[PDB]
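Only one chain comes next, encoded as structure tokens, the form deposited in one PDB entry.
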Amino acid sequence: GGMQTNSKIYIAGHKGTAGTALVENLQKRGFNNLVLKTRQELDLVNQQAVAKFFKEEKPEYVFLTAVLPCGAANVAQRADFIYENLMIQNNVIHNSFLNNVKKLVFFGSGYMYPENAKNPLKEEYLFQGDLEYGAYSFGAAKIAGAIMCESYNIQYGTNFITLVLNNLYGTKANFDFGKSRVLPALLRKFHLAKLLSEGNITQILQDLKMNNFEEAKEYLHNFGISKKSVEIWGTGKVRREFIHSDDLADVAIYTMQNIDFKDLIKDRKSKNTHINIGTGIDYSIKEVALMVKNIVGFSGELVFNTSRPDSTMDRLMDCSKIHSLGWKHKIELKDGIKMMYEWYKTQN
């Protein structure tokens, strides 16, 4: 009946934001029989390496967090987003089946839903219109991962569950400036703005990768940071939903212990058995940036540059299905950002 304290657990991609929170929350709950492989010891795109790993380690449970993620900086990698994510998904999912994995959890993305779908997004809005253009191939790969899980559950009686989320953040998130995840990057930008407005050359230099402070200030300004203001592109009315990675780990563990494919099936032709996860509430980028600015204590202005349009669709999950299955989020956004900022300050 679900995971046991001695169950062998593989968290794929365990160094990422979701993966780190899954490791720490599993062991806080008493599950420490973990199998972990960094990218350098196991390239999940390589089918031979993945098949060898599953044959040797025989994990009983799998949390598949590894991804090549679509972001504003790397959007040109249209081919890589579909190839690499399809290969990770196929390799891990099929080899879990071959080696009699008990349950698996795969994480979907809100980019799998049509660009013009109604918010809040229901699980049955899959395939109801075209995907957003920049995330088109990434979203198609996420669709194929969700359909793969379901197709293995139907043909082979596996228990492979897809949980779909929008924006992740966490106590120990990826604040690196290249793969610019929305909430961690906003937090760091207001933190650097506060350090700049205080005249703190050293901690800026340490917090950045850099040794030339004039180069640092130019780098700050490219991201809208100034002594007396933070400027962000757009109207500020684009709306986003966020989930703290402790809540991500909480629902993923709850799914392992409680939600089986039979719990999701329709009366006949069962489809759309993926489950949305999230907090069910969204905020405008203006409301989020202001919450970060207050938590950080930056004294300067918040400015929205409406000359270059934000373009983006709103994304908010309808979480009524996971609620009915017995799980709801524990961390509200203001409390979650405060957790993230306290860890961030005690870091470098």
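Here, rigid core means the biggest group of C-alpha atoms that superpose within 1.5 Å across both forms. Just count from 1 along the sequence shown to find any residue number.
The form deposited in another entry is left out here; the points below concern that form.
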**Request:** Align on the core first; then indicate which of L290, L42, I281, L68 has a CA shift of 2 angstroms or more between this form and the one not shown.
**Result:** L290
**Message:** Once you overlay the rigid core, does the Cα of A216 travel 2 Å or further between this form and the one not shown?
**Reply:** yes
**Request:** Using a rigid core alignment, state whether the CA of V230 is displaced by 2 Å or more between this form and the one not shown.
**Result:** yes
**Asked** Once everything's superposed on the core, is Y169 shifted 2 Å or more at the Cα between this form and the one not shown?
**Response** no
